[PDB]
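Worksheet: the structure to be examined is printed underneath.
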Ligand SMILES: Cc1cn([C@H]2C[C@H](O)[C@@H](COP(=O)(O)OP(=O)(O)O[C@H]3O[C@H](C)[C@@H](O)[C@H](N)[C@H]3O)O2)c(=O)[nH]c1=O
Ligand SMILES: Cc1cn([C@H]2C[C@H](O)[C@@H](COP(=O)(O)OP(=O)(O)O[C@H]3O[C@H](C)[C@@H](O)[C@H](N)[C@H]3O)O2)c(=O)[nH]c1=O
Ligand SMILES: Nc1ncnc2c1ncn2[C@@H]1O[C@H](CSCC[C@H](N)C(=O)O)[C@@H](O)[C@H]1O
Ligand SMILES: Nc1ncnc2c1ncn2[C@@H]1O[C@H](CSCC[C@H](N)C(=O)O)[C@@H](O)[C@H]1O
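Next comes the structure, spelled out in structure tokens:
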């Protein structure tokens with residue numbers, strides 16, 4: 010099964026996350042406000058692992074300039090179509106270099122859990138701090154911690170759009186120091202018939218302290234707020 | 010994709026048809042009342058293609074002796090477990106010979122559409138007539154008539170039981186004089202993880218006249234009533 014957010018899996022991403030109730034509007038509003046508490050005059054924002062560019066489309070209404078970075082060509086193409094006047098870069102959060110800084114650097118919906126190892130987590134946070142202005146803010150939404158992840162968790166939901174029915178079912182296990190989440194889809198419509206699709210991801214269960222250490226090593230002060238967009242909390246970092 | 014009602018598919022059958030809202034309890038009572046209209050003192054009943062024996066389990070409360078016939082060993086295993094004191098035969102509705110006759114011979118939920126052409130349909134009706142008492146009745150629930158079938162129809166539902174979630178989606182097309190219905194499942198539970206299953210059936214769209222021809226050739230009078238347990242109506246046949 011693919012792990013790379015490509016092809017039909019990428020094409021299905023928006024529909025299934027909206028169908029599950031993800032509200033990128035509220036999240037963007039909440040982000041913009043959190044960003045402004047820490048950095049009252051913030052003007053620009055880079056969203057790293059920006060996926061299909063849903064946060065970016067809403068954040069564009071709150072920030073003068075927004076920009077993205079995304080590893081998967083196929084997610085990125087959706088995001089560019091959604092954000093045709095923003096610059097969105099094809100690149101890797103572990104090692105990119107844009108030559109410019111932003112009032113905010115965000116990395117949402119546990120994209121950071123695609124990293125494996127303290128070294129990768131450290132590298133990425135060093136990048137974020139390399140792209141943040143001196144009076145701005147870095148925001149990283151973590152994955153679950155080892156101690157609060159619920160192994161055996163199943164999600165199942167169905168959404169219909171454009172005449173096509175899409176069912177998504179995930180199962181998640183504790184696979185060592187990461188969550189194995191295996192997701193299957195069935196997609197059906199009168200004219201297209203039925204097709205089955207599948208993806209599978211290891212999403213690293215970093216501990217709180219590992220994130221705190223990566224913020225620290227990057228020069229940032231770090232704070233953690235439990236709950237957050239997805240239940241997993243939110244870490245914010247200020248340069249210093 | 011299997012076409013033989015076996016393995017996991019046979020194990021998911023009752024749960025999926027329950028989830029879709031099938032009520033074998035009402036259907037058996039309705040069938041018991043139909044049978045006593047045409048044959049007031051009927052006392053025994055053979056359910057042909059009895060599947061998991063859901064009809065028989067309820068028909069046992071209305072008829073003193075029930076018996077089943079079923080082609081899939083795995084469906085039949087479930088039926089026997091459910092109907093421990095009835096005789097349930099492993100065999101083929103086209104060519105079976107039990108050496109006794111019943112007040113009612115029934116064949117429900119369009120199982121008759123698993124037959125390929127007029128010759129098979131005629132042969133199963135003649136076998137039904139061979140197992141019906143002279144003052145008894147044959148009941149056959151047809152598949153859709155060609156004019157009443159909707160190509161492109163999609164069914165999608167998700168049910169959960171025992172912490173296992175089961176999603177079933179089907180899509181149907183016109184294939185020569187039959188419906189091709191392709192059915193996919195996703196089944197996930199905390200311990201067993203997630204799996205995908207699929208089945209596919211060709212169910213013949215016999216016309217009303219083809220059914221009537223088969224009944225009449227078997228020496229049965231024939232009547233069709235629209236509606237019925239599934240929208241497809243019901244044929245009844247009386248010998249003599
Ligand atoms: C409700 C809940 C879920 N979880 C875990 C179980 C599973 O690993 C995840 C929810 O899985 P989902 O709803 O199928 O996934 P979600 O929409 O959150 O997306 C997640 O996985 C997908 C594959 C990634 O692309 C995405 N970046 C992740 O947020 O969070 C918990 O640990 N505790 C919980 O209370
Ligand atoms: C309600 C309705 C159904 N149909 C046809 C379309 C499709 O082929 C079928 C319903 O699909 P389903 O609900 O997925 O199938 P159902 O539960 O009726 O079961 C049927 O297909 C399965 C595979 C057989 O084991 C079962 N013996 C059949 O009755 O019936 C129509 O053509 N028009 C309709 O309005
Ligand atoms: N090393 C890496 N650098 C950049 N993006 C990455 C990455 N590894 C995974 N990703 C991206 O991480 C995203 C995880 S899904 C989250 C997408 C988006 N942030 C949203 O909130 O909806 C995917 O788009 C995936 O391609
Ligand atoms: N030639 C044949 N003889 C007997 N059973 C058959 C058959 N072809 C298909 N079947 C059976 O037909 C059934 C269709 S599903 C309907 C099962 C059951 N009558 C119910 O109402 O739930 C399955 O059990 C299948 O194995």
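Residue numbers (the deposited numbering), protein chains in the order written: chain A, 10 to 249; chain D, 10 to 249. Where is the CB? At the ideal position from N, CA and C, for every residue including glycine.
- Beta-bridge annotation (DSSP): residue 248 of chain D is paired with D:229.
- With a cutoff of 7 Å, residue 136 of chain A does not count as near ligand 3, since its C-beta is closer than that to no heavy atom of the ligand.
- Think of a sphere of 9 Å around the beta carbon of residue 191 of chain A: the chain D residues whose beta carbon falls inside it are 197, 202, 203, in chain order.
- No residue range can be given for residue 13 of chain A, since it is assigned to no beta strand (DSSP E) and is classified by DSSP as neither H nor E.
- At a cut-off of 8 Å between beta carbons, residue 249 of chain A makes no contact with chain D.
- If you draw a straight line from the Cα of residue 125 of chain D to the Cα of residue 213 of chain D, it comes to about 6 Å.
- In this structure residue 76 of chain A is buried. Its beta-carbon is surrounded by 16 or more other beta-carbon atoms within 10 angstroms.
- By the rule of a C-beta closer than 5 Å to any heavy atom of ligand 4, the residues picked out are D:14, D:58, D:60, D:80, D:81, D:84, D:101, D:102, D:117, D:118, D:120, D:123.
- For the options A:94, A:72, A:99, A:73, the alpha carbon positioned closest to that of residue 85 of chain A is the one of A:99.
- Taking 7 Å as the cut-off, one finds at least one heavy atom of ligand 1 near enough to the beta carbon of residue 240 of chain A.
- Contacts with chain D at 8 Å (Cβ-Cβ) include residue 163 of chain A.
- Residue 97 of chain A has its alpha-carbon roughly 10 Å from the corresponding atom of residue 90 of chain A.
- Between residue 176 of chain A and residue 198 of chain A, the C-beta gap is not smaller than 8 Å, which leaves the two residues out of contact.
- Under the three-state reduction of DSSP, residue 64 of chain A is assigned to helix.
- The Cβ atoms of residue 144 of chain A and residue 48 of chain A lie closer than 8 Å to each other.
- CA-to-CA, the gap between residue 238 of chain D and residue 27 of chain A works out to about 37 Å.
- If you draw a straight line from the Cα of residue 150 of chain D to the Cα of residue 50 of chain D, it comes to about 22 Å.
- Here residue 166 of chain D has 28, 29, 177 as same chain residues with Cβ atoms under 7 Å from its own Cβ, once five neighbours each way along the sequence are excluded.
- Residues 178, 207 of the same chain have their beta carbon placed closer than 6 Å to that of residue 193 of chain D, with the five preceding and five following residues left out of the count.
- Distances from the CB of residue 162 of chain A to the heavy atoms of ligand 1 include at least one below 7 Å.
- Contact between residue 147 of chain D and residue 44 of chain D is ruled out by a C-beta separation of about 10 Å, above the 8 Å threshold.
- Excluding five sequence positions before and after residue 63 of chain A, the CB atoms of its chain that fall closer than 6 Å to its own CB belong to 33, given in chain order.
- The segment 103 to 113 of chain A and the segment 54 to 74 of chain A touch, with no fewer than 3 CB-CB distances between them shorter than 8 Å.
- Between residue 188 of chain D and chain A, the shortest Cβ-Cβ separation is not below 8 Å.
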